[PDB]
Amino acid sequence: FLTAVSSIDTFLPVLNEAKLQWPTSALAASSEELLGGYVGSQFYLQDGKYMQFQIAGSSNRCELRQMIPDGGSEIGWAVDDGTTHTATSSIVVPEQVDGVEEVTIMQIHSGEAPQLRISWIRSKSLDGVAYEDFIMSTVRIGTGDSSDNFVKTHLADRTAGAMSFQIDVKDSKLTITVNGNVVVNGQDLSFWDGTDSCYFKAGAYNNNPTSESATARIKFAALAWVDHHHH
């Protein structure tokens, strides 16, 4: 039988502040249901320690979406509200099966757009350099489709072992720290000033696969939204 993520203590804080969306953005499990032992092949405890997400299909997901804590509704915050918004994780990205090409593992998203995607990607060239099997950040600085709307950065080559991430937003600036080192230092998010619908996400969101039956799989050793105001 499949062991439930809530059977250990590690993820209870974030489960109390998230809903699970699967296999689309449709609700799969409320925060209460997650804390109550919701489990399936898409979302279960692997190795007695990892919150594991699995999903197949282009643009499908198995993803946590930040909620107001203690049974609250969907959160919305703004890059320019003056508060520091922080998400931390420790992630084991396994080798992905053929047909999986890009898997978004953390986001800042709003009602209409992804401000930030951290994604594993099989192969991509950035600024004239080819990279394989790596973790990328994609920041939107506009809503258009041309390259001037994005800042894309190689964060790290994929490691077999756990990799730590931290996302911080304060005063319209974004910092991404990977394995303790700052890789994105104060990226401008001021295009999004006044958008009050931002929230964190984490899990597996499957982008541009070449087979819709190929199952993406991501293991979280830790995940939290860190509240700088201590409510």
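Note that residue numbering follows the sequence shown and begins at 1.
Look at the C-alpha B-factors of 165-173 and of 201-209. On average they run higher in 165-173.
Taking the mean C-alpha B-factor of each stretch as recorded, 179-187 and 58-66 are not equal, and the higher mean is that of 179-187.
Looking at 107, 73, 89, 86, the one whose CA carries the top B-factor in the deposited record is 73. Sort the chain's modelled residues by C-alpha temperature factor and residue 159 lands in the middle third, per the entry.
Among all modelled residues in its chain, residue 45 ranks in the middle third by Cα B-factor. The deposited CA B-factor of residue 81 belongs to the highest third of values across its chain. For residue 112, the recorded CA temperature factor ranks within the middle third of the chain's modelled residues. Placement of the Cα temperature factor of residue 126 within the chain: highest third of the modelled residues, per the deposited record.
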